[PDB]
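Enquirer: Just so you know, the sequences run in chain order I, D, G, C, A, B and H. Note that the first sequence covers residues 12 to 87, 116 to 164 in PDB author numbering. Using PDB author numbering, count along the second sequence one by one with no gaps and you end on 354. Note that the third sequence covers residues 12 to 142, 154 to 189, 205 to 233 in PDB author numbering. Using PDB author numbering, count along the fourth sequence one by one with no gaps and you end on 257. Using PDB author numbering, count along the fifth sequence one by one with no gaps and you end on 256. Using PDB author numbering, count along the sixth sequence one by one with no gaps and you end on 257. Using PDB author numbering, count along the seventh sequence one by one with no gaps and you end on 299. Here a beta-carbon is modelled for each residue, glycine too, at the ideal position from N, C-alpha and C.
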Amino acid sequence: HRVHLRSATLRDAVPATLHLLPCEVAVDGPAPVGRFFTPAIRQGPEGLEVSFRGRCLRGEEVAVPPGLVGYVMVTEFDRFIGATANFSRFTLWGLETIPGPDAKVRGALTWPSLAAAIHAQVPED
Amino acid sequence: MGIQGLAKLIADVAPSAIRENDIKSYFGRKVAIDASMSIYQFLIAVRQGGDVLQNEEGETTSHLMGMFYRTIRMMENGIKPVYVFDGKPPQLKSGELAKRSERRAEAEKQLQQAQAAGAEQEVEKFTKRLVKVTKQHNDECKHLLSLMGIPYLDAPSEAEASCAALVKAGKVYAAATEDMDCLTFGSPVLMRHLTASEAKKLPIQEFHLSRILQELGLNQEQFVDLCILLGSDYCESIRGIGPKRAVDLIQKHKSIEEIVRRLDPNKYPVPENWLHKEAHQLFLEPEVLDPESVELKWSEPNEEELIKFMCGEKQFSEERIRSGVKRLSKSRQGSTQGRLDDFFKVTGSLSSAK
Amino acid sequence: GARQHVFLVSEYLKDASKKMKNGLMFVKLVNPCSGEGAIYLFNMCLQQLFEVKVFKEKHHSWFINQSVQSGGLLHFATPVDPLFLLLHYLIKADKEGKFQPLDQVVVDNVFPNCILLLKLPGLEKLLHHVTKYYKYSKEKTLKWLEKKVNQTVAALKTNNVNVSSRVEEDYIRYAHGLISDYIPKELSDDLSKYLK
Amino acid sequence: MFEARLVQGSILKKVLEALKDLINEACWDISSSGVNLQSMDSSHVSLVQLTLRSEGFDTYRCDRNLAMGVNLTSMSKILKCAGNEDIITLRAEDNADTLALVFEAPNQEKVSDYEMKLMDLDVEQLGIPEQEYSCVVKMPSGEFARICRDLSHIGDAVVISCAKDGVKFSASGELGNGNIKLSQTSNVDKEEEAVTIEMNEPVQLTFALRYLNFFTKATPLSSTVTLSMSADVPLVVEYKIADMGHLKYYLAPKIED
Amino acid sequence: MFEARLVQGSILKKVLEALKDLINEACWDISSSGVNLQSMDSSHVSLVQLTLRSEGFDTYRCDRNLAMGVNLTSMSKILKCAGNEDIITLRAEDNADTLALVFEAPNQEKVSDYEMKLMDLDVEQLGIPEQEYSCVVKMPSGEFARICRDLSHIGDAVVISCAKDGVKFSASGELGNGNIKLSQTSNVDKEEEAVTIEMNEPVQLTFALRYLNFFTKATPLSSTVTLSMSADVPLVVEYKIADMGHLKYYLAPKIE
Amino acid sequence: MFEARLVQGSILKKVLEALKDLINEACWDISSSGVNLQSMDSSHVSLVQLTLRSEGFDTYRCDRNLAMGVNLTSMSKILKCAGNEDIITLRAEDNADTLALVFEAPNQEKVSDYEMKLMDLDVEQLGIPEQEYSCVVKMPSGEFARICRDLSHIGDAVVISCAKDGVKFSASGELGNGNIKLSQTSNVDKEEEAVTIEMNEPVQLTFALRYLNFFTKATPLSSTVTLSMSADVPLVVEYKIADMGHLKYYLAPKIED
Amino acid sequence: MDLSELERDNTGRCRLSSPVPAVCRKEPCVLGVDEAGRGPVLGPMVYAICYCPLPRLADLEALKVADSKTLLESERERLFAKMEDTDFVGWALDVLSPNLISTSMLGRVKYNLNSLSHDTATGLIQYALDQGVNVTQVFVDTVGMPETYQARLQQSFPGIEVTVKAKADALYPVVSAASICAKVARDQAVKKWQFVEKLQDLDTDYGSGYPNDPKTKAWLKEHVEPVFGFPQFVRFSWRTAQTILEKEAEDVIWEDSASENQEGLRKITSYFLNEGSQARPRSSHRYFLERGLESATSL
DNA sequence: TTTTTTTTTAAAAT
DNA sequence: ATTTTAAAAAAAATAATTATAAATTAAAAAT
DNA sequence: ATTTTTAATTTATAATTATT
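1) Does the beta-carbon distance from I180 (chain B) to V137 (chain B) come in below 7 Å?
2) On the DSSP letters alone, give me the boundaries of the beta strand (DSSP E) that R91 (chain B) sits inside.
3) Indicate whether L57 (chain G) and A27 (chain G) have their beta-carbon atoms separated by less than 7 Å.
4) Exposed or buried, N42 (chain G), counting other C-beta atoms within 10 Å across all chains shown (16 or more means buried)?
5) At 8 Å on the CB atoms, spell out the chain C contacts of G178 (chain B), in chain order.
6) Assess contact between the segment 196-207 of chain H and the segment 52-65 of chain H, defined as three or more Cβ pairs (one per stretch) separated by less than 8 Å. Is contact present?
7) Would you say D226 (chain G) faces chain H, with C-beta separation under 7 Å as the test?
8) Nearest to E191 (chain B) by CA position, among B:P140, B:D243, B:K117, is which residue?
9) With 16 other CB atoms within 10 Å as the buried threshold, where does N76 (chain G) fall?
10) Report the option in C:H153, C:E93, C:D257, C:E132 whose CA atom is closest to the CA atom of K77 (chain A).
11) Give me the Cβ distance between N21 (chain D) and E206 (chain D), rounded to the nearest whole Å; I'm assuming they're in contact under 8 Å.
12) Output the boundary residues of the alpha helix (DSSP H) element that contains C163 (chain D).
13) Which stretch, first to last residue, makes up the alpha helix (DSSP H) that contains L228 (chain G)?
14) Would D187 (chain H) and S179 (chain H) qualify as a contact pair, given that the criterion is a beta-carbon distance under 7 Å?
15) So, under 8 Å CB-CB, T142 (chain H) and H118 (chain H) are touching, yes? Tell me the CB distance rounded to an integer number of Å.
16) Please classify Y51 (chain H): does DSSP put it in a helix, a strand, or coil?
17) Mind pulling the beta strand (DSSP E) runs of 3 or more residues that sit fully within the segment 168-199 of chain A?
18) Cβ of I50 (chain G) less than 7 Å from any chain H Cβ?
19) From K164 (chain B) to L221 (chain B), what distance separates their C-alpha atoms?
20) Buried or exposed: which applies to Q80 (chain G), given that a residue is buried once 16 or more other Cβ atoms fall within 10 Å of its Cβ?
21) Terminal residues of the continuous alpha helix (DSSP H) containing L205 (chain B)?
22) Quick check: the Cα distance between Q54 (chain D) and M75 (chain C), rounded to an integer number of angstroms?
23) Note down, in chain order, every chain G residue with its Cβ under 9 Å from the Cβ of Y287 (chain H).
24) Return yes when the C-beta of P140 (chain B) is under 6 Å from any heavy atom of the ligand SAM, and no when it is not.
25) Of all the CB atoms in chain G, is at least one closer than 7 Å to the CB of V224 (chain H)?
26) If you check the beta carbons only, do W73 (chain G) and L31 (chain I) fall under 7 Å apart?
27) Taking the alpha-carbon positions, what's the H16 (chain G) to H213 (chain G) distance?
28) Please confirm if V65 (chain G) has its CB atom under 7 Å from at least one CB of chain H.
29) Helix, strand or coil for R13 (chain I), going by three-state DSSP, please let me know.
30) From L227 (chain B) to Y249 (chain B), what distance separates their C-alpha atoms?
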């Protein structure tokens, strides 16, 4: 299978905000999450405070560096595929703790810093 | 009304008669229970906000549910009840009827006074006091006891007197009534606060007349002269006689005629037309129904006409009543233990009480 | 509706559409070490191959705005040096021990997008440091790895990686495994000799 | 002032290890010919006949017919203070709240006295009669303790039937019927592992099992137990000590409906 | 119709003591070539194999392929009735779901019968592979149960490996990392305390511990047990009970 | 390099199973004459020490001194692995943060190379005087432990008393009273049964039953016991061992106004 | 009468009270804490302290407060309006939101309603001491056997005598006063409730809150959603709530033991049905194992 | 037209 | 100091709902 | 074989509204 990527969906998308759940859910598709998760954000003593299914969620935005702009992608013998949104801000959430330097996703942020270094072309001598 | 402070008297001066048992200690035991004052218990107890629990037909579904679940609470533990219904009230109850009509009249005048006031807890209290039992409650619960097969009786004079009749012939073990005069009527074993809830977890007070007549040192006539001296509902009471001085007075003179022969008429007079002799005759010999004339059997409760009547006429839940009668049937299947005292005589035997 | 994906890519992806209308395309080619299908992205406007790496970690999910997405699938669309995928097909083509032009070097039927690997200028510039005529050289390729390992000795010095196993002389053991995810086990097992 | 001595010391420890799980308080009645304890439990399901005759005592003595109302659990716990060979000696008094229990060493290196309060009791004296029993089954008490202890785990009620060939122990519940046919062993003349059944009427009556675990807790008193059964009578469980006296345990049968 | 009488069924008592804490409801594979057991545990961690050949019985009747649904805790409490030297017969009906155990006295003094209720459970048999295992250790059962209690006293992390100085049942914990060292081959002619090790490949892998304590409830079955260690497979723990049958236990390792 | 090997550490495993309920955390000491302990309990009521002489150890080499911070539940779970004849060995460095223990076999088959972690605690050693006692009582330790278990269930208090004629174990619980005479059996000459009681002044103190039940848990390492008391001093329960050190167990007296 | 602090913030603990009177700033008063909110699956959890001088205990007993378990809501409101008027009757309550108790009892630590109840009780009596209310007697009818509760409260607070028993609303005046204050406070919180989140076609009238109520059950089954379950108003650890979250909402399991209980993993379903799984180091370097990087497979 | 318990503050006499 | 008529008055269940426990419950574990 | 020494079970208090 060959999956062509549409180039018209890169420029016209809208910035938004994204939140990352510290667990898994069985549903993929439409969900009223801005109705509940967004208005229940309380700026407490340790960042951003919210509850989902009774579990306390402490979290904050993790600073994505420039040179790294988030894209939100919808799937669609040649094939096409098409995005819907772009962003630069995502909100990590830990279950009643800030994950911090022990986060596997904050440690995953430095791998494009490695991938800008492991894949630099070596010049000729 | 009733006997004033007889349970208080046993709690004060003769505490060996009380056996504070739990409800599970009668596994396979036959006992007679007053039904009508339990209907009074379930008319003053089963009230929501002062409004009585009724269906859409406008009939009182409170006491049917309450004493149906009472039969479930006795039978799921392993006690077979016997229910007696008070029919014709005795002719000595005229002063008690006059006082009851007077408190009915002042309670209903207080009901209209509180209804004009606009309060609600006083409306709850006065509707708790006012609601009385006619023949509709009695024959509806008689149809209900026909509808499970646990037998029901119609007492000609008094329900606790019929309990005393069926326990003097040994058809049952006890009388489970919070009214005290069945001990004076002749029932040996009383059960007190058996109408308390399962969730209230109140232990049951047992009152044997053997320990009562032993610790009081009295016969039946001296004990009933003591209980008239505390005060009966039928006759009056002497002004100025307490619990303990009446106990000393029965221990001195043993009869009310010798008591008024050896009292002070200048300080302690009897009421006019005082009828302690005929009240004494009525408490020794009331008009009871014969225990051998009725046979005792606890049949399997029929279910389909039970749930038909109970969900059509009374409009209840299917699952609760069906699980209740299933619990009744499997409790009848699995509560078949036999008691050891049925095959022996009884005799007291004390220790060296020093 | 359907499943939904989250990328994290540079903004140089945005300005590579002024020449070709559909000049970006998501394909599957060979893994540089294991040898199976992995999701890559190629360019010919700016002409750099982009590798996509997923953050598939247990018990994470995304709140897409007015939607939901499970799996925690954060995709890392990052630029990749194509020489690992080149050297896989060169060591496949060196098995018969002959020179072979590039049209029939990168040939695979399971991954049918092998036509894309022949259109890159600077192919001979990368091939000079590891090896018209084309024959794979192992010993020249093991000269090229010290220009990549010791480059990442200084590069992960800026990245401040705690490379200790108690979870210069320790970065060499850590950069031993970094390229080993992109070269097979036949090429990295002799690097213990070449770290002296 | 009641004073009693006895030779085999641990027989009292074993019988009050039997009484402690079933009877919580008992009245120790002193007679002229020995000590008798006819008790009946708090739920009217059991009766225990402790005949402790004076022929088995070493130096028995009796001033009057004493009756000590005794809470049995704590004094059974301190009767457990004596050893398996320690000699048990009793001392009492008429106007006293204390019963003296003398525990002494078998080599007499240690002589100890324990006392306890005797909280006075009132016991209904249901008089046992003497009657013919249809199925008198002398049978090992170790085997009986085995059968009741592992028929505890199968259900709640055993049904005991009998015939000429043997006796039946049939316990039911949710987990089927555990019907046990004990063979009448009249062929062997062993003293302990002998099952002898008197054949008068084949009775089929049903019993309890948790309560039977409360009765059968004293197989080192006698190795054999006499089970006397008849039609709708209370059970007789006889724990015969050969010269101390005959201990009898009583259970009412379950009724049918 | 069943007629399965064994001379001494304390083997059956010991295997249902060893199963009543690990598995609650299981399947007895009933076949004409012996008695087999095959059931996964409560969380799909361990499979059972009691490959009991029917040559030890007096007779063996199996009319049809019975799919036996039995719960083992309650019927283990049933089997605890039998003595250590008792004679035990197993009987079941042909068309009914009811199993009727028979216990018989050694000196024919009683006949003891246990009718007991059952329901039809699911039967899911699986195949078995066989490979030349990396480390096969013959080492006795009682000291194995002792050292599994000892490593259970350590913590909840044990690693098993072999080397040329002997096997180590190395247990790691917050108390401290401890070792149990045995000989490679024992010169003791007494077979109840002899340890010998067959080796093909030394490797170390991590195990669970409550499942190990479930495995070591088969202590009075046999004196010696042969354990064969191999990687990327469940373990094989061959409790060989003479010639009438053998017990096997499986345990897939931990992930590191 | 701290080592301690014993052919049979039965005394070690018995006292280290016994002390698991006395002190939750008891820091040891490394001494020239062996191992040393001086630790108080959690409620600060009872005092215990350990002193083992370095004669009978196989390889006891002492380099310097270090306060061995020892968790006693770690000693319970790490000397619970020792069997009937497991040959113990201790191994440590000069400044090891852990401590390794080796348990070899009589037939050299099994070796249990276990290691325990050390926890750092503040160390204090109270001043304990050594003098001559008012009454010295020597009696069997198994007999002492079983009669302590006997008269501890009767209440919560014990009255200690001794004389030249005998030793009084008086204890008056809320259930009742119980007193034990001990006779001087020095005519009988056994190892533990040779009771030798020397007396200087009859003194009477009160003590605690439940902490004495903790104290009696180290019984069968030493079949004999020495008791020793004076006026308003702690009682010294001496579990002295004829070849491996001694165990002196302390408890302060209560006050009764 | 203060309620606007509940309206501006109803996520954590909120304090609703009355100021300290002049005579209670000098006299050693009495203390009373009882419960409302430990019952239902909806609503907040209210503990209240009432306070009154020592000579006024007979006046509080003559105020007819102790019969406050068989009442009606309008009569509760008028008696509340009766006891708010007098200066010697003052009430102080720290209301606990269902957010606060649900985030308490569902952490790593399996926290407890009775433990959080005594923690709220200790913070309440410490704040009552720090407000200038001198007391000597403390009467709390808390749930459970009260002897170790009294020992714990006496170890925490030695200067003030703590006297706790069971079923003490019919025995002590300030206990039933705090009970009826917490009950009318709970009904005030739920009959005038505003949420945190936004809603459409909403219904504030939900029921009484208790799980066997039919209106509460109907609201509890009609406002269930698959992705989030419920708003902040609903407790998330109760058996009816856990029943309908496992029924209607999707399977949500967390990194801790959220009904998963996995130690060691590697089930034999993935060892015998599959013959050999691939033993490839997909996390080839320890960087991708320590940072969770996996190679891409498919879309 | 059909049942009476419980404290308790209470005035009041042996 | 107690003893107590009398006035008044409180005053009365009960399966369903749940969280939180409490002696009970087989069972290791050691005599 | 008992009697510990525990843990993981089965029914226990304290609440509430309705149960109709």
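Expert: Reading off the structure:
1) no
2) 87-92
3) yes
4) buried
5) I78, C81, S112, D113, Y114, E115
6) no
7) no
8) B:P140
9) buried
10) C:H153
11) 6 Å
12) 159-168
13) 228-231
14) no
15) 7 Å
16) strand
17) 179-181, 196-199
18) yes
19) 29 Å
20) buried
21) Careful: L205 (chain B) lies outside any alpha helix (DSSP H), inside the beta strand (DSSP E) at 204-208.
22) 59 Å
23) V183, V185, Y211, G214, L215, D218
24) The model depicted lacks the ligand SAM and carries no ligand whatsoever.
25) no
26) yes
27) 32 Å
28) yes
29) strand
30) 10 Å
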